[PDB]
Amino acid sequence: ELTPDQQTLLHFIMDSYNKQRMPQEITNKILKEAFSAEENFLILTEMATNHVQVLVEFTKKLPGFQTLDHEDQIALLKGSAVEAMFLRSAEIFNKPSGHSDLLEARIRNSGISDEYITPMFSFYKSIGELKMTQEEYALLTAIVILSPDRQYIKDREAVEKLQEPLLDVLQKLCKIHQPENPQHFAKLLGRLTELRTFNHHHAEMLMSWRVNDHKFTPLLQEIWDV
């Protein structure tokens, strides 16, 4: 029961969500470079950088985003960056496992301890049990970005109006893709709550890295306010 307009919305969001890449050059490094804390962090830097470029490209195309106040635009972009990144990592993680073990080993050895890294992978497994389709990851990503709850937003109602149609769409998709589990939508929203705990967790990661003398490149410094 998607409306015509909902189906158009959905196609548009899908087109933008897969206008993506894991560039090949970063895959090549993952699967081929030398292995040390130093190289692994450089690879991780590149990965984070790609996620943020992807996020920017996705964000700017979201229907209505260009109509928003320009400072709110930045507040939404910075406010969503951590959540959106870990959601995209969860999607990827849950899609070969040799490739996966090698990447996971790099992430676990990129200059901070396992108490910082394990919680990411528990989250990937947690959301993985949900068996979400690509459309669900895309709409959730849009809903994360268009959150009216972020810090510093001047016109929260304008953002709420852009988020509401996506939530309606996601609710209908949950019934299309998982018709036998009527709590699926509620479970997705429970995982969003889980995702939000990464904001604090990410900040502790950055802090540990920086005590360890790691530096962040320009885009990461700006997006995460280092």
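Note that residue numbering begins at 1 and tracks the sequence as displayed.
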{"item": "Missing from the model but present in the deposited sequence, between residue 95 and residue 96", "value": "1 to 3"}
{"item": "Stretch with the greater mean C-alpha B-factor as recorded in the entry, comparing 41 to 49 against 27 to 35", "value": "27 to 35"}
{"item": "Of 60 to 68 and 194 to 202, the stretch whose C-alpha atoms average the higher B-factor in the entry", "value": "60 to 68"}
{"item": "Where the record places residue 148 (Cα B-factor, split into thirds across the chain)", "value": "middle"}
{"item": "B-factor third for the C-alpha atom of residue 20 within its chain", "value": "highest"}
{"item": "Cα B factor band for residue 83 (lowest, middle or highest third within the chain)", "value": "lowest"}
{"item": "Chain third (lowest, middle, highest) by recorded CA B-factor, residue given as residue 134", "value": "highest"}
{"item": "Ranked C-alpha temperature factor of residue 217 among modelled chain residues, by third", "value": "middle"}
